[PDB]
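Structure below is structure35.cif: mmCIF, C-alpha atoms and all ligand atoms.
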```
data_target
#
loop_
_atom_site.group_PDB
_atom_site.id
_atom_site.type_symbol
_atom_site.label_atom_id
_atom_site.label_comp_id
_atom_site.auth_asym_id
_atom_site.auth_seq_id
_atom_site.Cartn_x
_atom_site.Cartn_y
_atom_site.Cartn_z
ATOM 1 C CA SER C 1 37.303 3.687 -67.642
ATOM 2 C CA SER C 2 40.269 4.333 -69.947
ATOM 3 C CA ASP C 3 40.497 7.967 -68.908
ATOM 4 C CA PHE C 4 43.195 9.805 -70.839
ATOM 5 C CA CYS C 5 43.386 13.178 -69.130
ATOM 6 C CA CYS C 6 44.653 16.439 -70.605
ATOM 7 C CA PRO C 7 47.383 17.941 -68.342
ATOM 8 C CA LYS C 8 46.178 21.404 -69.349
ATOM 9 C CA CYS C 9 42.467 21.391 -68.464
ATOM 10 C CA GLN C 10 39.752 19.113 -67.070
ATOM 11 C CA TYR C 11 39.344 16.825 -70.055
ATOM 12 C CA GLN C 12 39.393 13.038 -69.984
ATOM 13 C CA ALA C 13 39.416 11.415 -73.411
ATOM 14 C CA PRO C 14 38.278 7.801 -73.982
ATOM 15 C CA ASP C 15 40.794 7.314 -76.783
ATOM 16 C CA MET C 16 44.515 8.001 -76.580
ATOM 17 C CA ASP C 17 44.148 9.178 -80.166
ATOM 18 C CA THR C 18 41.555 11.716 -79.038
ATOM 19 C CA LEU C 19 43.898 12.906 -76.280
ATOM 20 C CA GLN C 20 46.711 13.514 -78.774
ATOM 21 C CA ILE C 21 44.385 15.521 -81.010
ATOM 22 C CA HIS C 22 43.034 17.498 -78.072
ATOM 23 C CA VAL C 23 46.493 18.264 -76.661
ATOM 24 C CA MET C 24 47.650 19.703 -79.994
ATOM 25 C CA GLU C 25 44.480 21.785 -80.076
ATOM 26 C CA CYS C 26 44.849 22.685 -76.418
ATOM 27 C CA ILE C 27 47.834 24.989 -76.929
ATOM 28 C CA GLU C 28 46.338 27.879 -74.970
HETATM 29 ZN ZN ZN C 101 43.090 20.404 -72.797
#
```
Show me, as structure tokens, the structure contained in the file I just sent.
Ligand SMILES: [Zn+2]
Amino acid sequence: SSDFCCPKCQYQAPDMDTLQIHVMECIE
């Protein structure tokens, strides 16, 4: 439910905000 997934690893964030933060952390 509201699964914002990181196109770099298996990570689905509940918030789109969280996704943005994660993606900019998920540089590796
Ligand atoms: Zn990621």
Next on the checklist: Given the PyMOL selection byres (((not hetatm)) within 10 of (chain C and resi 101)) and the file above, list the residues it selects as a PyMOL selection string.
Outcome noted: chain C and resi 5-13+19-28
Item to check | Result set of the PyMOL selection byres (((chain C and resi 1) around 9) and not hetatm) on the coordinates above, as an MDAnalysis selection string | outcome: chainID C and resid 2:3 14
Given 5 Å on each side, where is the centre and what are the edge lengths in Å to one decimal of the axis-aligned box enclosing the listed atoms of segment 8-26 of chain C, as AutoDock Vina command-line options?
```
--center_x 43.0 --center_y 15.0 --center_z -74.0 --size_x 19.4 --size_y 25.4 --size_z 23.9
```
Supply segment 1-27 of chain C as an mmCIF file, in the coordinates of the input, with N, CA and C atoms built in where the input has gaps.
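The resulting out.cif:
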```
data_model
loop_
_atom_site.group_PDB
_atom_site.id
_atom_site.type_symbol
_atom_site.label_atom_id
_atom_site.label_comp_id
_atom_site.auth_asym_id
_atom_site.auth_seq_id
_atom_site.Cartn_x
_atom_site.Cartn_y
_atom_site.Cartn_z
ATOM 1 N N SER C 1 36.813 4.871 -66.909
ATOM 2 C CA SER C 1 37.303 3.687 -67.642
ATOM 3 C C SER C 1 38.074 4.129 -68.880
ATOM 4 N N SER C 2 39.380 3.863 -68.887
ATOM 5 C CA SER C 2 40.269 4.333 -69.947
ATOM 6 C C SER C 2 40.192 5.852 -70.057
ATOM 7 N N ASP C 3 40.621 6.521 -68.999
ATOM 8 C CA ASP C 3 40.497 7.967 -68.908
ATOM 9 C C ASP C 3 41.828 8.644 -69.204
ATOM 10 N N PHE C 4 41.992 9.093 -70.439
ATOM 11 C CA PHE C 4 43.195 9.805 -70.839
ATOM 12 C C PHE C 4 42.998 11.295 -70.599
ATOM 13 N N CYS C 5 43.662 11.825 -69.588
ATOM 14 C CA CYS C 5 43.386 13.178 -69.130
ATOM 15 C C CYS C 5 44.379 14.185 -69.696
ATOM 16 N N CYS C 6 43.849 15.333 -70.099
ATOM 17 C CA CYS C 6 44.653 16.439 -70.605
ATOM 18 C C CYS C 6 45.305 17.191 -69.450
ATOM 19 N N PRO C 7 46.645 17.239 -69.405
ATOM 20 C CA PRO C 7 47.383 17.941 -68.342
ATOM 21 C C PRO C 7 47.388 19.460 -68.539
ATOM 22 N N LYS C 8 46.286 19.982 -69.055
ATOM 23 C CA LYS C 8 46.178 21.404 -69.349
ATOM 24 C C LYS C 8 44.811 21.934 -68.913
ATOM 25 N N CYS C 9 43.830 21.039 -68.850
ATOM 26 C CA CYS C 9 42.467 21.391 -68.464
ATOM 27 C C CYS C 9 41.732 20.129 -68.031
ATOM 28 N N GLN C 10 40.525 20.272 -67.498
ATOM 29 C CA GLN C 10 39.752 19.113 -67.070
ATOM 30 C C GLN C 10 39.096 18.440 -68.267
ATOM 31 N N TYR C 11 39.838 17.551 -68.899
ATOM 32 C CA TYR C 11 39.344 16.825 -70.055
ATOM 33 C C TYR C 11 39.894 15.411 -70.051
ATOM 34 N N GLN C 12 39.007 14.438 -69.918
ATOM 35 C CA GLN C 12 39.393 13.038 -69.984
ATOM 36 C C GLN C 12 38.853 12.406 -71.266
ATOM 37 N N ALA C 13 39.766 12.008 -72.133
ATOM 38 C CA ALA C 13 39.416 11.415 -73.411
ATOM 39 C C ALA C 13 39.369 9.896 -73.301
ATOM 40 N N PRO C 14 38.411 9.260 -73.989
ATOM 41 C CA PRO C 14 38.278 7.801 -73.982
ATOM 42 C C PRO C 14 39.343 7.125 -74.843
ATOM 43 N N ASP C 15 39.757 7.816 -75.896
ATOM 44 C CA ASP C 15 40.794 7.314 -76.783
ATOM 45 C C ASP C 15 42.090 8.074 -76.571
ATOM 46 N N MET C 16 43.207 7.371 -76.682
ATOM 47 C CA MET C 16 44.515 8.001 -76.580
ATOM 48 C C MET C 16 44.756 8.848 -77.824
ATOM 49 N N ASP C 17 44.135 8.426 -78.920
ATOM 50 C CA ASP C 17 44.148 9.178 -80.166
ATOM 51 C C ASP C 17 43.496 10.537 -79.945
ATOM 52 N N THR C 18 42.305 10.508 -79.354
ATOM 53 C CA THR C 18 41.555 11.716 -79.038
ATOM 54 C C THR C 18 42.377 12.665 -78.164
ATOM 55 N N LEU C 19 43.057 12.109 -77.163
ATOM 56 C CA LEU C 19 43.898 12.906 -76.280
ATOM 57 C C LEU C 19 44.961 13.649 -77.079
ATOM 58 N N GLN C 20 45.661 12.926 -77.947
ATOM 59 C CA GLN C 20 46.711 13.514 -78.774
ATOM 60 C C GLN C 20 46.171 14.700 -79.567
ATOM 61 N N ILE C 21 45.036 14.483 -80.221
ATOM 62 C CA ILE C 21 44.385 15.521 -81.010
ATOM 63 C C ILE C 21 44.054 16.723 -80.132
ATOM 64 N N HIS C 22 43.432 16.451 -78.992
ATOM 65 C CA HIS C 22 43.034 17.498 -78.072
ATOM 66 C C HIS C 22 44.240 18.287 -77.572
ATOM 67 N N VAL C 23 45.316 17.597 -77.212
ATOM 68 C CA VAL C 23 46.493 18.264 -76.661
ATOM 69 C C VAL C 23 47.108 19.232 -77.675
ATOM 70 N N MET C 24 47.084 18.856 -78.948
ATOM 71 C CA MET C 24 47.650 19.703 -79.994
ATOM 72 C C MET C 24 46.699 20.837 -80.358
ATOM 73 N N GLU C 25 45.444 20.699 -79.958
ATOM 74 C CA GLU C 25 44.480 21.785 -80.076
ATOM 75 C C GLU C 25 44.547 22.671 -78.840
ATOM 76 N N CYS C 26 44.833 22.036 -77.717
ATOM 77 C CA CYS C 26 44.849 22.685 -76.418
ATOM 78 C C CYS C 26 46.206 23.345 -76.169
ATOM 79 N N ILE C 27 46.554 24.296 -77.025
ATOM 80 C CA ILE C 27 47.834 24.989 -76.929
ATOM 81 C C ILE C 27 47.747 26.170 -75.962
#
```
